[PDB]
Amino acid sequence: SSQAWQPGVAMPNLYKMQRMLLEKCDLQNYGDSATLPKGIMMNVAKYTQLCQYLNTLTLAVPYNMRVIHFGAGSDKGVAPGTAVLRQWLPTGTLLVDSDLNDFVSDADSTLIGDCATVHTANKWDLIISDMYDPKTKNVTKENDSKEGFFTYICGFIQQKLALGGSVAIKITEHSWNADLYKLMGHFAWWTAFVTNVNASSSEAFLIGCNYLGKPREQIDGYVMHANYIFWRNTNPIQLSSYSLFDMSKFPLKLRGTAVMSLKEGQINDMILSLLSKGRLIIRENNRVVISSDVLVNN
């Protein structure tokens, strides 16, 4: 494991091509723990490693980039992941976050409520989600595709992700959704990324890199989640904090990626290829407006 100096490990392509049956996740290093730098929270370390890995992909990075972060609160009422995202993203990037429970944040705007209440007028260049419901960790019931916030996330990607944009959505052994895996085939590239600091967990970030707005490949999400678990079950990942100690190249590169408005009819193969290379964002460039629906009763 020269993997130990990486920020984490991405699911190798050959595992994506299998047709495994779903098994229980049994991680060799379950209950091992990385030694974090003095005073650093797991959530800061985890998001730092996610961003270090995203630095290796062909992300579109326009001027006035727009990023939205779901599940950004903590039981301590602060937003460590948002703080890392704001560190990583170019100065001036508009960052919105949200959580079911109240918290204070460094984001430009924060919405409190169930994610299903969140609406935005504009499209986004990057969607991050850490949402997770610990009730799903029921080892005594069958492990089926979950709905809940995953239904919202799938619709939100299809309706409010700019072509060319990317996503990183947290999943676990039991917190997953088949349509979300299916949606990964609507990106130019996808993976399941495991942070080295949290490699003792079945957590991963499902990353869709450069959205194309149509199926590039047909993915059966029940099969692919089984493939993911098979990978994790047969490839122990050594816990590691090494990458946290070198932050000299951390900030996301300002690429000034072009932003254009185009109607579905003008998305030709040449456009699709620019999207695939991280060289184009398709959306409007109007004001960013958001809201949370409030249910009124007695």
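We number the residues from 1 along the sequence you see.
Which of the two stretches, 11 to 19 or 280 to 288, shows the higher mean Cα temperature factor in the record?
Taking the mean B-factor of the alpha carbons in each, 280 to 288 is higher.
Output the stretch having the higher mean C-alpha B factor in the entry; the candidates are 168 to 176 and 208 to 216.
Mean CA B-factor is higher for 208 to 216.
According to the Cα B-factor stored in this entry, which of the following is highest: 226, 199, 192, 121?
Spelled out: the listed residue with the top C-alpha B-factor is 121.
Identity of residue with top Cα B-factor, from 260, 67, 252, 50
Max CA B-factor in the entry, restricted to 260, 67, 252, 50: 260.
For residue 134, the third of its chain into which the C-alpha B factor falls:
Within its chain, residue 134 is a highest-third residue by C-alpha B-factor, going by the deposited values.
Within-chain third of residue 114 by Cα B-factor, per the entry
Within its chain, residue 114 is a middle-third residue by C-alpha B-factor, going by the deposited values.
By the record's CA B-factor, is residue 28 among the lowest, middle or highest third of residues in the chain?
As the PDB entry reports it, the C-alpha B-factor of residue 28 lands in the highest third of its chain.
In terms of the chain's CA B-factor thirds, is residue 247 lowest, middle or highest?
For residue 247, whose C-alpha B-factor we compare with every modelled residue in the chain, the answer is the middle third.
Is the Cα B-factor recorded for residue 93 in the lowest, middle or highest third of its chain?
It falls in the middle third of the chain.
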